[PDB]
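> What follows is final-v2.pdb, made up of PDB, C-alpha atoms and all ligand atoms:
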ATOM      1  CA  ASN F  33     -11.669 -17.398   4.278
ATOM      2  CA  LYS F  34     -12.412 -14.790   6.971
ATOM      3  CA  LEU F  35     -11.243 -11.168   7.105
ATOM      4  CA  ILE F  36     -10.989  -9.342  10.441
ATOM      5  CA  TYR F  37     -10.558  -5.645   9.679
ATOM      6  CA  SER F  38     -10.987  -2.010  10.640
ATOM      7  CA  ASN F  39     -11.437   1.146   8.560
ATOM      8  CA  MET F  40     -10.088   3.218  11.486
ATOM      9  CA  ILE F  41     -13.338   5.142  11.907
ATOM     10  CA  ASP F  42     -13.126   5.159  15.735
ATOM     11  CA  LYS F  43     -10.457   6.889  17.805
ATOM     12  CA  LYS F  44      -9.854   3.775  19.938
ATOM     13  CA  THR F  45      -8.711   1.683  16.961
ATOM     14  CA  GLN F  46      -6.597   4.590  15.686
ATOM     15  CA  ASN F  47      -4.936   4.850  19.120
ATOM     16  CA  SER F  48      -4.366   1.081  19.080
ATOM     17  CA  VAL F  49      -2.806   1.200  15.593
ATOM     18  CA  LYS F  50      -0.647   4.215  16.528
ATOM     19  CA  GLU F  51       0.796   2.356  19.523
ATOM     20  CA  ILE F  52       1.765  -0.603  17.327
ATOM     21  CA  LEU F  53       3.230   1.821  14.754
ATOM     22  CA  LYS F  54       5.222   3.669  17.437
ATOM     23  CA  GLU F  55       6.356   0.332  18.891
ATOM     24  CA  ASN F  56       7.841  -0.654  15.516
ATOM     25  CA  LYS F  57       9.933   2.563  15.427
ATOM     26  CA  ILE F  58       7.902   4.450  12.822
ATOM     27  CA  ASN F  59       8.577   8.198  13.036
ATOM     28  CA  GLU F  60       5.843   9.761  15.201
ATOM     29  CA  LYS F  61       5.610  12.690  12.763
ATOM     30  CA  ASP F  62       4.767  10.332   9.886
ATOM     31  CA  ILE F  63       2.283   8.492  12.128
ATOM     32  CA  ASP F  64       0.474  11.788  12.773
ATOM     33  CA  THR F  65       0.543  12.634   9.037
ATOM     34  CA  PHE F  66      -0.936   9.220   8.237
ATOM     35  CA  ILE F  67      -3.606   9.516  10.937
ATOM     36  CA  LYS F  68      -4.637  12.985   9.789
ATOM     37  CA  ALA F  69      -5.093  11.658   6.242
ATOM     38  CA  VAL F  70      -7.232   8.835   7.669
ATOM     39  CA  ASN F  71      -9.463  11.275   9.547
ATOM     40  CA  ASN F  72      -9.542  13.761   6.658
ATOM     41  CA  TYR F  73     -10.551  10.936   4.311
ATOM     42  CA  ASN F  74     -13.130   9.503   6.724
ATOM     43  CA  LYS F  75     -14.629  12.967   7.301
ATOM     44  CA  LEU F  76     -14.914  13.545   3.536
ATOM     45  CA  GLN F  77     -16.592  10.205   2.779
ATOM     46  CA  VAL F  78     -18.478   9.616   6.084
ATOM     47  CA  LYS F  79     -21.979   9.806   4.533
ATOM     48  CA  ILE F  80     -21.042   7.100   2.009
ATOM     49  CA  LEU F  81     -19.134   4.886   4.455
ATOM     50  CA  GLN F  82     -21.969   4.945   7.002
ATOM     51  CA  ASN F  83     -24.221   3.345   4.346
ATOM     52  CA  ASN F  84     -21.825   0.385   4.098
ATOM     53  CA  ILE F  85     -22.867  -2.439   6.438
ATOM     54  CA  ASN F  86     -19.346  -3.905   6.264
ATOM     55  CA  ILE F  87     -17.617  -0.822   7.734
ATOM     56  CA  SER F  88     -17.128  -0.925  11.509
ATOM     57  CA  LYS F  89     -18.104   2.105  13.601
ATOM     58  CA  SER F  90     -16.038   0.772  16.503
ATOM     59  CA  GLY F  91     -13.435  -1.991  16.712
ATOM     60  CA  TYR F  92     -12.899  -4.725  14.143
ATOM     61  CA  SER F  93     -15.457  -6.357  11.878
ATOM     62  CA  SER F  94     -15.484  -9.770  10.211
ATOM     63  CA  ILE F  95     -16.655 -10.985   6.797
ATOM     64  CA  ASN F  96     -16.447 -14.334   4.995
ATOM     65  CA  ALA F  97     -15.275 -12.839   1.690
ATOM     66  CA  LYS F  98     -12.096 -12.453  -0.378
ATOM     67  CA  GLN F  99     -12.297  -8.631  -0.143
ATOM     68  CA  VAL F 100     -14.330  -6.135   1.894
ATOM     69  CA  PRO F 101     -17.040  -4.638  -0.400
ATOM     70  CA  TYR F 102     -16.842  -0.866  -0.823
ATOM     71  CA  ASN F 103     -18.799   1.547  -2.986
ATOM     72  CA  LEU F 104     -15.646   2.370  -4.927
ATOM     73  CA  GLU F 105     -17.554   4.188  -7.685
ATOM     74  CA  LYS F 106     -19.392   6.556  -5.353
ATOM     75  CA  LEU F 107     -16.293   7.211  -3.198
ATOM     76  CA  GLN F 108     -14.351   8.244  -6.311
ATOM     77  CA  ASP F 109     -17.254  10.430  -7.477
ATOM     78  CA  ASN F 110     -17.297  12.281  -4.157
ATOM     79  CA  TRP F 111     -13.523  12.802  -4.226
ATOM     80  CA  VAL F 112     -13.488  14.201  -7.784
ATOM     81  CA  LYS F 113     -16.375  16.548  -6.986
ATOM     82  CA  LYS F 114     -14.871  17.960  -3.756
ATOM     83  CA  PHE F 115     -11.183  17.773  -4.784
ATOM     84  CA  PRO F 116     -11.227  18.315  -8.577
ATOM     85  CA  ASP F 117      -7.701  19.736  -8.801
ATOM     86  CA  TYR F 118      -5.840  16.601  -7.633
ATOM     87  CA  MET F 119      -6.013  12.959  -6.555
ATOM     88  CA  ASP F 120      -6.194  11.262  -3.204
ATOM     89  CA  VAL F 121      -3.180   9.332  -1.983
ATOM     90  CA  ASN F 122      -2.844   5.690  -3.067
ATOM     91  CA  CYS F 123      -1.392   2.393  -1.801
ATOM     92  CA  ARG F 124       2.226   3.219  -2.733
ATOM     93  CA  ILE F 125       2.254   6.672  -1.092
ATOM     94  CA  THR F 126       0.566   5.393   2.094
ATOM     95  CA  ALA F 127       2.853   2.373   2.361
ATOM     96  CA  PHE F 128       5.778   4.736   1.771
ATOM     97  CA  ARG F 129       4.521   7.211   4.410
ATOM     98  CA  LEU F 130       5.025   4.444   6.982
ATOM     99  CA  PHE F 131       7.974   2.471   5.607
ATOM    100  CA  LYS F 132      10.266   4.880   3.733
ATOM    101  CA  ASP F 133      12.644   5.030   6.720
ATOM    102  CA  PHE F 134      13.207   1.246   6.443
ATOM    103  CA  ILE F 135      14.430   1.507   2.833
ATOM    104  CA  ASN F 136      17.913   2.587   1.767
ATOM    105  CA  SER F 137      18.182   4.216  -1.679
ATOM    106  CA  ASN F 138      21.417   5.641  -3.047
ATOM    107  CA  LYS F 139      20.758   6.288  -6.730
ATOM    108  CA  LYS F 140      18.628   8.843  -8.545
ATOM    109  CA  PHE F 141      16.360   7.096 -11.036
ATOM    110  CA  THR F 142      16.255   8.651 -14.513
ATOM    111  CA  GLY F 143      14.651   5.682 -16.263
ATOM    112  CA  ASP F 144      11.005   5.145 -17.233
ATOM    113  CA  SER F 145       8.803   6.211 -14.295
ATOM    114  CA  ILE F 146       5.658   6.784 -16.408
ATOM    115  CA  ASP F 147       3.643   4.446 -14.143
ATOM    116  CA  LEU F 148       4.019   6.939 -11.253
ATOM    117  CA  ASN F 149       2.748  10.069 -13.059
ATOM    118  CA  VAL F 150      -0.469  10.210 -10.988
ATOM    119  CA  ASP F 151       1.457   9.460  -7.772
ATOM    120  CA  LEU F 152       4.034  12.222  -8.470
ATOM    121  CA  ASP F 153       1.304  14.756  -9.171
ATOM    122  CA  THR F 154      -0.303  13.825  -5.817
ATOM    123  CA  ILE F 155       3.077  14.222  -4.066
ATOM    124  CA  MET F 156       3.400  17.732  -5.512
ATOM    125  CA  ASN F 157      -0.155  18.940  -4.840
ATOM    126  CA  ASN F 158      -1.658  16.890  -1.960
ATOM    127  CA  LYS F 159      -0.541  17.768   1.587
ATOM    128  CA  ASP F 160      -1.210  14.144   2.609
ATOM    129  CA  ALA F 161       1.658  13.171   0.272
ATOM    130  CA  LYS F 162       4.284  15.707   1.355
ATOM    131  CA  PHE F 163       7.852  14.316   1.124
ATOM    132  CA  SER F 164      11.380  15.816   1.135
ATOM    133  CA  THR F 165      13.385  15.784  -2.110
ATOM    134  CA  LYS F 166      15.428  12.814  -0.858
ATOM    135  CA  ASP F 167      12.268  10.800  -0.048
ATOM    136  CA  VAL F 168      10.650  11.602  -3.421
ATOM    137  CA  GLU F 169      13.735  10.301  -5.265
ATOM    138  CA  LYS F 170      13.604   7.197  -3.068
ATOM    139  CA  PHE F 171       9.918   6.798  -3.958
ATOM    140  CA  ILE F 172      10.589   6.961  -7.718
ATOM    141  CA  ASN F 173      13.641   4.708  -7.463
ATOM    142  CA  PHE F 174      11.718   2.132  -5.418
ATOM    143  CA  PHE F 175       8.379   2.033  -7.253
ATOM    144  CA  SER F 176       9.325   2.684 -10.915
ATOM    145  CA  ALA F 177       8.417  -0.356 -13.059
ATOM    146  CA  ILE F 178      11.136  -3.010 -13.306
ATOM    147  CA  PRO F 179      12.179  -4.420 -16.724
ATOM    148  CA  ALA F 180      11.129  -8.068 -17.176
ATOM    149  CA  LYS F 181      11.826 -10.798 -19.757
ATOM    150  CA  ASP F 182       8.159 -11.743 -20.370
ATOM    151  CA  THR F 183       8.817 -14.946 -18.404
ATOM    152  CA  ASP F 184       5.865 -16.453 -16.526
ATOM    153  CA  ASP F 185       8.085 -18.106 -13.898
ATOM    154  CA  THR F 186       7.413 -16.127 -10.698
ATOM    155  CA  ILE F 187      10.736 -17.300  -9.235
ATOM    156  CA  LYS F 188      12.671 -15.863 -12.200
ATOM    157  CA  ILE F 189      10.726 -12.584 -12.060
ATOM    158  CA  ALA F 190      11.335 -12.348  -8.294
ATOM    159  CA  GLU F 191      15.072 -12.670  -8.910
ATOM    160  CA  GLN F 192      14.957  -9.962 -11.593
ATOM    161  CA  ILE F 193      13.117  -7.629  -9.197
ATOM    162  CA  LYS F 194      15.754  -8.291  -6.529
ATOM    163  CA  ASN F 195      18.573  -7.779  -9.057
ATOM    164  CA  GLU F 196      17.024  -4.559 -10.408
ATOM    165  CA  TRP F 197      16.655  -3.145  -6.870
ATOM    166  CA  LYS F 198      20.329  -4.003  -6.265
ATOM    167  CA  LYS F 199      21.305  -2.197  -9.480
ATOM    168  CA  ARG F 200      19.284   0.784  -8.204
ATOM    169  CA  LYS F 201      21.192   0.618  -4.897
ATOM    170  CA  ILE F 202      18.029  -0.186  -2.954
ATOM    171  CA  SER F 203      18.253  -2.261   0.232
ATOM    172  CA  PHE F 204      16.047  -2.950   3.254
ATOM    173  CA  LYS F 205      17.044  -2.119   6.836
ATOM    174  CA  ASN F 206      17.447  -5.372   8.813
ATOM    175  CA  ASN F 207      16.073  -6.779  12.074
ATOM    176  CA  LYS F 208      12.503  -5.455  11.937
ATOM    177  CA  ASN F 209       9.025  -6.927  12.506
ATOM    178  CA  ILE F 210       7.700  -4.490   9.905
ATOM    179  CA  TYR F 211       7.995  -5.310   6.193
ATOM    180  CA  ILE F 212       6.448  -4.200   2.912
ATOM    181  CA  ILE F 213       4.249  -6.467   0.814
ATOM    182  CA  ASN F 214       4.520  -5.487  -2.847
ATOM    183  CA  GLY F 215       2.038  -7.024  -5.258
ATOM    184  CA  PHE F 216       3.750  -6.887  -8.658
ATOM    185  CA  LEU F 217       1.775  -7.349 -11.879
ATOM    186  CA  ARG F 218       3.494  -8.267 -15.154
ATOM    187  CA  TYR F 219       2.773  -6.199 -18.268
ATOM    188  CA  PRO F 220       4.286  -7.957 -21.334
ATOM    189  CA  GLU F 221       2.991  -5.084 -23.486
ATOM    190  CA  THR F 222       5.597  -2.818 -21.823
ATOM    191  CA  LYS F 223       8.082  -5.609 -21.009
ATOM    192  CA  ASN F 224       8.001  -4.902 -17.292
ATOM    193  CA  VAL F 225       6.462  -5.561 -13.899
ATOM    194  CA  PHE F 226       5.011  -2.923 -11.585
ATOM    195  CA  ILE F 227       3.637  -2.709  -8.042
ATOM    196  CA  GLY F 228      -0.136  -2.818  -8.577
ATOM    197  CA  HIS F 229      -0.923  -2.962  -4.850
ATOM    198  CA  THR F 230       1.091  -2.571  -1.645
ATOM    199  CA  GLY F 231       0.652  -2.515   2.122
ATOM    200  CA  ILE F 232       2.700  -2.851   5.309
ATOM    201  CA  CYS F 233       2.893  -6.023   7.379
ATOM    202  CA  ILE F 234       3.562  -6.022  11.129
ATOM    203  CA  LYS F 235       3.925  -9.190  13.187
ATOM    204  CA  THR F 236       2.195  -9.081  16.591
ATOM    205  CA  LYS F 237       1.303 -11.670  19.249
ATOM    206  CA  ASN F 238      -2.157 -11.967  17.666
ATOM    207  CA  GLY F 239      -0.463 -12.823  14.356
ATOM    208  CA  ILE F 240       0.072 -10.208  11.637
ATOM    209  CA  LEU F 241      -1.437  -6.755  11.134
ATOM    210  CA  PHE F 242      -1.682  -5.452   7.558
ATOM    211  CA  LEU F 243      -2.227  -1.743   6.854
ATOM    212  CA  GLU F 244      -3.198  -0.286   3.486
ATOM    213  CA  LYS F 245      -4.810   2.455   1.463
ATOM    214  CA  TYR F 246      -7.217   0.135  -0.394
ATOM    215  CA  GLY F 247      -6.880   2.344  -3.509
ATOM    216  CA  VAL F 248      -7.092   5.988  -4.643
ATOM    217  CA  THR F 249     -10.314   7.552  -3.258
ATOM    218  CA  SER F 250     -10.840   4.206  -1.529
ATOM    219  CA  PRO F 251     -10.818   3.583   2.255
ATOM    220  CA  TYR F 252      -7.945   2.693   4.561
ATOM    221  CA  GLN F 253      -8.063  -0.856   5.908
ATOM    222  CA  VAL F 254      -6.214  -2.615   8.717
ATOM    223  CA  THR F 255      -6.564  -6.415   8.710
ATOM    224  CA  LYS F 256      -5.554  -8.977  11.342
ATOM    225  CA  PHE F 257      -4.169 -12.118   9.702
ATOM    226  CA  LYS F 258      -3.256 -15.421  11.342
ATOM    227  CA  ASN F 259      -0.094 -15.918   9.298
ATOM    228  CA  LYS F 260       1.856 -14.654   6.285
ATOM    229  CA  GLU F 261       0.066 -17.194   4.066
ATOM    230  CA  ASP F 262      -3.258 -15.370   4.515
ATOM    231  CA  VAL F 263      -1.504 -12.054   3.751
ATOM    232  CA  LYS F 264      -0.148 -13.420   0.468
ATOM    233  CA  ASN F 265      -3.579 -14.847  -0.392
ATOM    234  CA  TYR F 266      -5.159 -11.493   0.491
ATOM    235  CA  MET F 267      -2.815  -9.591  -1.861
ATOM    236  CA  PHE F 268      -3.551 -12.155  -4.579
ATOM    237  CA  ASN F 269      -7.343 -11.777  -4.239
ATOM    238  CA  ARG F 270      -6.910  -8.003  -4.376
ATOM    239  CA  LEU F 271      -4.798  -8.231  -7.537
ATOM    240  CA  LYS F 272      -6.975 -10.924  -9.152
ATOM    241  CA  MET F 273     -10.256  -9.094  -8.570
ATOM    242  CA  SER F 274      -9.379  -7.172 -11.742
ATOM    243  CA  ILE F 278      -9.661 -13.080 -18.485
ATOM    244  CA  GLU F 279      -6.106 -13.974 -19.553
ATOM    245  CA  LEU F 280      -3.802 -12.133 -17.135
ATOM    246  CA  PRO F 281      -0.423 -13.227 -15.637
ATOM    247  CA  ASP F 282      -0.296 -14.295 -11.983
ATOM    248  CA  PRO F 283       1.095 -11.672  -9.549
ATOM    249  CA  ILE F 284       4.575 -11.678  -8.028
ATOM    250  CA  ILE F 285       4.030 -10.953  -4.321
ATOM    251  CA  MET F 286       7.261  -9.795  -2.718
ATOM    252  CA  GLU F 287       8.030  -9.509   1.005
ATOM    253  CA  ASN F 288      10.860  -6.962   0.992
ATOM    254  CA  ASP F 289      13.278  -8.504  -1.556
ATOM    255  CA  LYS F 290      12.027 -12.093  -1.148
ATOM    256  CA  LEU F 291       9.256 -13.982  -2.910
ATOM    257  CA  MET F 292       6.398 -14.419  -0.439
TER     258      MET F 292
HETATM  259 CL    CL F 301     -19.692 -13.421   5.583
HETATM  260 CL    CL F 302     -18.310   2.082   1.003
HETATM  261 CL    CL F 303     -10.328  10.020 -12.231
HETATM  262 CL    CL F 304      17.936   6.439   1.980
HETATM  263 CL    CL F 305      15.695  17.874   1.003
HETATM  264 NA    NA F 306     -12.259   4.188 -11.088
END
If you took the structure in this file and wrote it as structure tokens, what would it be?


Amino acid sequence: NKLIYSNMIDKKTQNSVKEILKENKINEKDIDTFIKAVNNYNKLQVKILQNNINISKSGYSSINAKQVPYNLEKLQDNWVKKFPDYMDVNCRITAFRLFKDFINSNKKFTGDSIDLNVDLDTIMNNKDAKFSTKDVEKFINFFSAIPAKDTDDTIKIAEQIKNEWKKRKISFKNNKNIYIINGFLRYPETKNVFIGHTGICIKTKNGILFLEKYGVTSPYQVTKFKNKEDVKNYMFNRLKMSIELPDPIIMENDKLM
């Protein structure tokens, strides 16, 4: 298919994105925090990014590929060398930076949150991931792996995810054109499912705008999709770029997408 995207290198695209963010009621403080991370990241990796033909210097680019190619190995090398004491923010943290206020969480999680160890360390040591105690507990309660029954029926898994979030007293604020796309992967070895990739979806007149932190040490990417179908397919291609693995469970808030 075709991907229309921006890495938010230019200030005009950033301004554009900020407007759309502000229009959807995202806290202006969190928008600034997100934008500073974007600039701070871009500044750090500019010499690498500028050698990537697929990264736009201004406006949106286009490529007939399943994913935008990035020099993931060199980007990670540069991060580790310059910031050796902690990790960059990831998909979960970034998504949360923008969507935490649209999630209700009323239960402290004291289950198995081992999958978030890196994330939690970043939240403690990286200014880009600063969150209040309440928001950190929400983060853990929302993203901790969900117990699964090793079933390969996506519908059944989706229902277990929904049920588990209910048991954790998690709910989504209603009447919003902004929603979170959670790409769950099943891990039979640990009898659970966990959010392998995530990003925020915003419906506009042009279609749908998807925002994400491509991965830790990886670039930020904003993509313009025609419909939700392309968003689902995008998340799939991102999760399936990783021989005998279970298909992902792509959730749109608490509903199978
Ligand atoms: Cl192409
Ligand atoms: Cl790159
Ligand atoms: Cl590492
Ligand atoms: Cl809350
Ligand atoms: Cl607090
Ligand atoms: Na790596």

> What's the 10 Å shell around residue 215 of chain F, counting all atoms listed in the file, without same-chain residues fewer than 4 positions away, as a list in words?

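My reading of the contact set: residues 225, 226, 227, 228, 229, 230, 231, 264, 267, 268, 270, 271, 283, 284, 285, 286, 287 and 292 of chain F.
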
> Could you write out as a list in words the residues that the PyMOL selection byres (((not hetatm)) within 9 of (chain F and resi 301)) matches in the shown file?

residues 34, 35, 94, 95, 96 and 97 of chain F

> Counting all atoms listed in the file, which of F:259, F:77, F:158, F:56 gets nearest to ligand CL 302 (chain F)?

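Counting all atoms listed in the file, the residue closest to ligand CL 302 (chain F) is F:77.
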
> Compute the set of protein, DNA and RNA residues whose minimum atom distance to ligand CL 304 (chain F) is at most 7 Å, using all atoms listed in the file, and state it as a ChimeraX atom specification.

/F:135-138,170

> Any chance you can output those residues with C-alpha atoms as a compact mmCIF listing (two decimals), in the frame of the given file?


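Heads up, here's the output in selection_15.txt:
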# COMPACT_ATOMS: atom_id res chain seq x y z
CA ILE F 135 14.43 1.51 2.83
CA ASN F 136 17.91 2.59 1.77
CA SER F 137 18.18 4.22 -1.68
CA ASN F 138 21.42 5.64 -3.05
CA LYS F 170 13.60 7.20 -3.07

> As a short mmCIF file (atom, residue, chain, number, x, y, z; two decimals) with C-alpha atoms, in the coordinates of the input, please: every protein or nucleic acid residue near ligand NA 306 (chain F) (cut-off 10 Å, counting all atoms listed in the file).


data_model
loop_
_atom_site.label_atom_id
_atom_site.label_comp_id
_atom_site.auth_asym_id
_atom_site.auth_seq_id
_atom_site.Cartn_x
_atom_site.Cartn_y
_atom_site.Cartn_z
CA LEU F 104 -15.65 2.37 -4.93
CA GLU F 105 -17.55 4.19 -7.68
CA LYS F 106 -19.39 6.56 -5.35
CA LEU F 107 -16.29 7.21 -3.20
CA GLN F 108 -14.35 8.24 -6.31
CA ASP F 109 -17.25 10.43 -7.48
CA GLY F 247 -6.88 2.34 -3.51
CA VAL F 248 -7.09 5.99 -4.64
CA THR F 249 -10.31 7.55 -3.26
CA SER F 250 -10.84 4.21 -1.53
#

> In terms of the shortest atom-to-atom distance over only C-alpha atoms and all ligand atoms, which of F:168, F:217, F:240, F:70 is closest to ligand CL 305 (chain F)?

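Of the candidates, the smallest distance to ligand CL 305 (chain F) is held by F:168.
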
> Suppose a student applies the PyMOL selection byres (((chain F and resi 121-127) around 7) and not hetatm) to this structure; what residues should they get, written as a compact mmCIF listing (two decimals) with C-alpha atoms, in the coordinates of the input?


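Listed below is the output, selection14.txt:
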# COMPACT_ATOMS: atom_id res chain seq x y z
CA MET F 119 -6.01 12.96 -6.56
CA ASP F 120 -6.19 11.26 -3.20
CA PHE F 128 5.78 4.74 1.77
CA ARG F 129 4.52 7.21 4.41
CA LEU F 130 5.03 4.44 6.98
CA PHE F 131 7.97 2.47 5.61
CA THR F 154 -0.30 13.82 -5.82
CA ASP F 160 -1.21 14.14 2.61
CA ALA F 161 1.66 13.17 0.27
CA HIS F 229 -0.92 -2.96 -4.85
CA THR F 230 1.09 -2.57 -1.64
CA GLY F 231 0.65 -2.52 2.12
CA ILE F 232 2.70 -2.85 5.31
CA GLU F 244 -3.20 -0.29 3.49
CA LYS F 245 -4.81 2.46 1.46
CA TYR F 246 -7.22 0.14 -0.39
CA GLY F 247 -6.88 2.34 -3.51
CA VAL F 248 -7.09 5.99 -4.64

> What is the distance between atom CA of residue 195 of chain F and atom CA of residue 289 of chain F, in Å to one decimal?

9.2 Å

> Would you be able to write out as a ChimeraX atom specification which residues have an atom within 10 Å of (1.6, -6.2, 17.5) in the file's coordinates, counting all atoms listed in the file?

/F:48-49,51-53,55-56,209-210,234-241,256

> Dump the neighbourhood of ligand CL 302 (chain F) as an MDAnalysis selection string: all residues within 10 Å, distances computed on all atoms listed in the file.

chainID F and resid 77:87 100:107 250:251

> Between F:184, F:233, F:147, F:201, which has the minimum distance to residue 260 of chain F (counting all atoms listed in the file)?

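Using all atoms listed in the file, residue 260 of chain F sits closest to F:233.
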
> Could you add N, CA, C and O atoms to segment 100-118 of chain F and give me the result as a PDB file, in the coordinates of the input?


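Done, and the output landed in result-v9.pdb:
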ATOM      1  N   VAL F 100     -13.255  -6.859   1.237  1.00  0.00           N
ATOM      2  CA  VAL F 100     -14.330  -6.135   1.894  1.00  0.00           C
ATOM      3  C   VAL F 100     -15.028  -5.328   0.800  1.00  0.00           C
ATOM      4  O   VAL F 100     -14.357  -4.643   0.036  1.00  0.00           O
ATOM      5  N   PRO F 101     -16.368  -5.420   0.631  1.00  0.00           N
ATOM      6  CA  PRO F 101     -17.040  -4.638  -0.400  1.00  0.00           C
ATOM      7  C   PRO F 101     -17.167  -3.165  -0.026  1.00  0.00           C
ATOM      8  O   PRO F 101     -17.610  -2.828   1.068  1.00  0.00           O
ATOM      9  N   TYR F 102     -16.807  -2.309  -0.975  1.00  0.00           N
ATOM     10  CA  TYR F 102     -16.842  -0.866  -0.823  1.00  0.00           C
ATOM     11  C   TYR F 102     -17.555  -0.261  -2.022  1.00  0.00           C
ATOM     12  O   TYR F 102     -17.555  -0.842  -3.104  1.00  0.00           O
ATOM     13  N   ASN F 103     -18.154   0.918  -1.844  1.00  0.00           N
ATOM     14  CA  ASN F 103     -18.799   1.547  -2.986  1.00  0.00           C
ATOM     15  C   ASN F 103     -17.729   2.411  -3.645  1.00  0.00           C
ATOM     16  O   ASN F 103     -17.749   3.639  -3.563  1.00  0.00           O
ATOM     17  N   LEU F 104     -16.798   1.727  -4.318  1.00  0.00           N
ATOM     18  CA  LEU F 104     -15.646   2.370  -4.927  1.00  0.00           C
ATOM     19  C   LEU F 104     -16.057   3.464  -5.910  1.00  0.00           C
ATOM     20  O   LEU F 104     -15.428   4.519  -5.945  1.00  0.00           O
ATOM     21  N   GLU F 105     -17.116   3.220  -6.690  1.00  0.00           N
ATOM     22  CA  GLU F 105     -17.554   4.188  -7.685  1.00  0.00           C
ATOM     23  C   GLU F 105     -18.067   5.473  -7.045  1.00  0.00           C
ATOM     24  O   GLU F 105     -17.784   6.562  -7.544  1.00  0.00           O
ATOM     25  N   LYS F 106     -18.821   5.361  -5.947  1.00  0.00           N
ATOM     26  CA  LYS F 106     -19.392   6.556  -5.353  1.00  0.00           C
ATOM     27  C   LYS F 106     -18.310   7.316  -4.586  1.00  0.00           C
ATOM     28  O   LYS F 106     -18.291   8.541  -4.622  1.00  0.00           O
ATOM     29  N   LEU F 107     -17.387   6.590  -3.936  1.00  0.00           N
ATOM     30  CA  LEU F 107     -16.293   7.211  -3.198  1.00  0.00           C
ATOM     31  C   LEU F 107     -15.440   8.067  -4.133  1.00  0.00           C
ATOM     32  O   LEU F 107     -15.042   9.178  -3.773  1.00  0.00           O
ATOM     33  N   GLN F 108     -15.156   7.536  -5.329  1.00  0.00           N
ATOM     34  CA  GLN F 108     -14.351   8.244  -6.311  1.00  0.00           C
ATOM     35  C   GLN F 108     -15.129   9.456  -6.820  1.00  0.00           C
ATOM     36  O   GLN F 108     -14.550  10.513  -7.015  1.00  0.00           O
ATOM     37  N   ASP F 109     -16.443   9.302  -7.033  1.00  0.00           N
ATOM     38  CA  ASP F 109     -17.254  10.430  -7.477  1.00  0.00           C
ATOM     39  C   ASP F 109     -17.175  11.586  -6.483  1.00  0.00           C
ATOM     40  O   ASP F 109     -16.986  12.739  -6.868  1.00  0.00           O
ATOM     41  N   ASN F 110     -17.302  11.265  -5.194  1.00  0.00           N
ATOM     42  CA  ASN F 110     -17.297  12.281  -4.157  1.00  0.00           C
ATOM     43  C   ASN F 110     -15.925  12.955  -4.102  1.00  0.00           C
ATOM     44  O   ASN F 110     -15.846  14.172  -3.967  1.00  0.00           O
ATOM     45  N   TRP F 111     -14.843  12.192  -4.275  1.00  0.00           N
ATOM     46  CA  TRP F 111     -13.523  12.802  -4.226  1.00  0.00           C
ATOM     47  C   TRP F 111     -13.339  13.813  -5.356  1.00  0.00           C
ATOM     48  O   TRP F 111     -12.878  14.926  -5.104  1.00  0.00           O
ATOM     49  N   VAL F 112     -13.657  13.387  -6.588  1.00  0.00           N
ATOM     50  CA  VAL F 112     -13.488  14.201  -7.784  1.00  0.00           C
ATOM     51  C   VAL F 112     -14.319  15.478  -7.703  1.00  0.00           C
ATOM     52  O   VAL F 112     -13.898  16.519  -8.197  1.00  0.00           O
ATOM     53  N   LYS F 113     -15.500  15.393  -7.090  1.00  0.00           N
ATOM     54  CA  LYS F 113     -16.375  16.548  -6.986  1.00  0.00           C
ATOM     55  C   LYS F 113     -15.828  17.558  -5.976  1.00  0.00           C
ATOM     56  O   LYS F 113     -15.790  18.750  -6.273  1.00  0.00           O
ATOM     57  N   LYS F 114     -15.371  17.082  -4.809  1.00  0.00           N
ATOM     58  CA  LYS F 114     -14.871  17.960  -3.756  1.00  0.00           C
ATOM     59  C   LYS F 114     -13.421  18.390  -3.987  1.00  0.00           C
ATOM     60  O   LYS F 114     -13.071  19.531  -3.677  1.00  0.00           O
ATOM     61  N   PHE F 115     -12.582  17.481  -4.497  1.00  0.00           N
ATOM     62  CA  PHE F 115     -11.183  17.773  -4.784  1.00  0.00           C
ATOM     63  C   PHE F 115     -10.963  17.534  -6.272  1.00  0.00           C
ATOM     64  O   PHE F 115     -10.425  16.504  -6.670  1.00  0.00           O
ATOM     65  N   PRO F 116     -11.338  18.500  -7.138  1.00  0.00           N
ATOM     66  CA  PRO F 116     -11.227  18.315  -8.577  1.00  0.00           C
ATOM     67  C   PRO F 116      -9.855  18.651  -9.153  1.00  0.00           C
ATOM     68  O   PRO F 116      -9.575  18.303 -10.295  1.00  0.00           O
ATOM     69  N   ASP F 117      -9.000  19.280  -8.338  1.00  0.00           N
ATOM     70  CA  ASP F 117      -7.701  19.736  -8.801  1.00  0.00           C
ATOM     71  C   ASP F 117      -6.594  18.710  -8.574  1.00  0.00           C
ATOM     72  O   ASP F 117      -5.493  18.916  -9.079  1.00  0.00           O
ATOM     73  N   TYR F 118      -6.866  17.617  -7.844  1.00  0.00           N
ATOM     74  CA  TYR F 118      -5.840  16.601  -7.633  1.00  0.00           C
ATOM     75  C   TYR F 118      -6.433  15.332  -7.021  1.00  0.00           C
ATOM     76  O   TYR F 118      -7.570  15.313  -6.550  1.00  0.00           O
TER      77      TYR F 118
END
